[PDB]
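A lone chain, given as structure tokens: the form deposited in one PDB entry.
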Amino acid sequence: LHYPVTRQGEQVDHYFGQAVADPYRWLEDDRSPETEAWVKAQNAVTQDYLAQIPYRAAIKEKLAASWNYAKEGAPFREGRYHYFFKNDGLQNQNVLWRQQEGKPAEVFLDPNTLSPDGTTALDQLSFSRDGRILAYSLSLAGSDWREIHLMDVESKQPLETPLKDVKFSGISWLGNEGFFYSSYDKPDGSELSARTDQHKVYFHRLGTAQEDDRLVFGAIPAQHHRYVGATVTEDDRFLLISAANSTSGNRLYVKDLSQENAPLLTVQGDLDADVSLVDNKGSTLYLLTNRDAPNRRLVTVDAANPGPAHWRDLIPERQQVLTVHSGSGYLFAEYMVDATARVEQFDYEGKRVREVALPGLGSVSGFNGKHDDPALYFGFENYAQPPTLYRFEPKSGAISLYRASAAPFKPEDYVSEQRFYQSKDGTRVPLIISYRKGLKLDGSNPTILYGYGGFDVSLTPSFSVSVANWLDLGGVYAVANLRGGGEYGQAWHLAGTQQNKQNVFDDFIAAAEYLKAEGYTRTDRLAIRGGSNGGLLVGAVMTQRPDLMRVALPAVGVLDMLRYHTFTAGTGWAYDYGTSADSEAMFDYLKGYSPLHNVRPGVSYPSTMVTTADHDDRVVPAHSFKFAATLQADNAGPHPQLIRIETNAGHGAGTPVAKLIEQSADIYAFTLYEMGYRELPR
């Protein structure tokens, strides 16, 4: 093996009188020659280790082959054209097609033509009210930064020069005059690591330069927020601006566009609850909120006096988490029943029309359309059921199959069961276990336990070609709905935030134990996977309980819990993690589980494959660099401690299919090989 030598510096930070050594501090410099050479050496050693796995190629071959099938999205009208995304099978990026009556479908926007390896991706797309102008945002090399392009839809040629410095932004048109978007300002230093916290809302008027765009919110001191958004209602009557400093909680403002220079009225002036616009009807706004409702509710209020004390329930809170979509003149309430979906159709007066029956137990998507759409589309899927499209007739409730999946996976071939286990403190936690029919609970099944746990994020049934290939190889895939998540409302989330964070790691640990106790797998056949916050999860569990698994796979994880907040928009996660500068108690708690600071010399850690990317500006790469250098430094047993740095890729969204395939191939090969397999399972 032999890892690349990683020099240790003399950096020492102090937190409330406590001194902490950070020898790999130089690795935080993403622009230095030393770091670049380091990444290269590391990738080199990883590829050389992987090259030793005989069936690596067979696995990649299998993945690419099963991934290679036609995929198509649901159609949407704009002018005399219906638009729709498609993928011939292995196109690095989905292509947007369009078709008009009496003519063959045509390619409209093909992202693949923008980059050699398809690393440029299309994020947001917003047509002008009349559908003649299209504004759409592109991501370069997987970064959170964006450029908004403007195309004349008819000729498909550029209208104006692209807007720059956009980030975490929507695109919401005010009729056909122009649109609102959000921007920060290029920071001095690397735009892939330097802190940004004064998000701003701008209005770009068509036929003007970007330097002349009016600043709508975020410039004066009283409006300084880390995250701002803007949405103009479908009927162009109200502008809704949201402002937040963290990923949970936001202020909300409304401006009556039907009047000349109307002032901003406060819908919510504190950060004590999340509140978002769904739609309006006349002067009434329809808002989804968790204020005084842990599982959320839909309320209405007259926009001329929108304060929270004036909100009135339209869809009262229930025992299950509520999310609302609108379309065709109806509100569609989606509820979460133990991580699976249920849908109810309501009219704008809060009267329940009917309960919409779904294909099975899994996740639904869709039920989003304009007031005037005569039909709505929804998707259904789960761990063993590839994405299926349905067309919904709103008035009668008629449902018909729009697109059956072309994936080479028979759903009847698998089992995806839900179990509930208990954590250290007694809490009952849900676990969905998927695998190919005919498995035997003899504790020998190669298993991958997946978890996230935080940020009110819910892990609902989701289909993946990678996971389906793992099930085919005979593996088990288990997803735990850990606290910290949003599965059971705000309380579930908060039971996993700040100084309660350890509850999340305890739930994951207890899930691992349940899987062995129930006979699905055993320690040397167990791997744990997690990304971002789920990366912290893997990092925390492997350092606290290195005896628990055989393989650990932390992806783009937050590993230095003491400095995380000093990068990009990490501070935006203070609500969930708290920071080392909050108080000595918070510092101590963070230091107490921070993965980077809990790796210890002499400990035998599992075989690990830390994965990250050179353009991840959500979670700077330095987190994984330092974690990996420390493991290579401190590990004592025989297990490899490797890191795989993806090139020209970011946090995740928009990654080319070719890269996703290579990634999974590397991870599945490494995992089975580290579990001792010399030939593919069977």
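One rule holds for the numbers: they count along the sequence shown, beginning at 1.
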inquiry  = Check this for me: in at least a third of the other entries compared, is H651 absent while its neighbours are modelled?
reply    = yes
inquiry  = If you look at the other compared entries where the surrounding residues are built, does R354 lack coordinates in a third or more?
reply    = no
key: Mean Cα B-factor comparison, 505-513 or 356-364, giving the higher one as deposited   = 356-364
remark   = The stretch carrying the higher mean Cα B factor in the deposited entry, 188-196 or 395-403, is 188-196
request  = Could you tell me which one of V465, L314, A495, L536 shows the highest CA temperature factor in the PDB record?
outcome  = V465
request  = Going by the recorded CA B-factors, say which third of the chain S169 sits in, lowest, middle or highest.
outcome  = lowest
message = Ranking every modelled residue in this chain by its Cα temperature factor as given in the entry, which third contains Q490?
response = middle
task = Tell me, lowest, middle or highest third: where does the Cα B factor of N250 rank within its chain?
result = lowest
inquiry  = Based on the deposited C-alpha B factors for this chain, I'd like to know if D524 is in the lowest, middle or highest third.
reply    = highest
note = The third of the chain into which the C-alpha temperature factor of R31 falls is the highest
